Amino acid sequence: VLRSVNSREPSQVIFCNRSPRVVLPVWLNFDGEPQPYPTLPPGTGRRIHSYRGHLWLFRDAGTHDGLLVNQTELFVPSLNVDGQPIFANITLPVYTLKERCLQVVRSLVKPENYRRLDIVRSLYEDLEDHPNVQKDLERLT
């Protein structure tokens, strides 16, 4: 379902990373497979060539935490009006306090040690169940 359409109509885009994270742009190909693209360091922009009807999403490159693009999950290049590139503004979402805590804990504890933390079993499963594009594709579908 979630796939790019093969339009062949060019569309220039600025990927603008207004987050403090290293960003991984991910293009959903014509079969719906995620294809990773070169990363963007914090605060940087790239002018890129994509196409109308192509689908992109954006993640933290290190952790795969979800990012927003123009305030939504998915970005589709649109028609360039008067030769201007489309801006894709990549931002942090307001994470829930729980997800933000899980992020910090995962950044400090090696996965083989999650079981050594003194927490309810359900929080072990929440640490192990880390963010992943495939699962978000299943959810968005």
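For the two forms, the rigid core is made up of the largest set of C-alpha atoms that agree within 1.5 Å on superposition. Residue numbers here begin at 1 and follow the sequence given.
Farther from the shown form on average, by C-alpha root mean square after a core fit in 9 other deposited structures of this protein, is 114 to 122, of the stretches 114 to 122 and 15 to 23. Comparing the deposited coordinates for 18 to 26 and 114 to 122, the stretch with the larger average C-alpha B-factor is 114 to 122. For the segment pair 75 to 83 and 36 to 44, the entry gives 75 to 83 the higher mean B-factor, averaged over Cα atoms. For residue 31, the recorded CA temperature factor ranks within the highest third of the chain's modelled residues.
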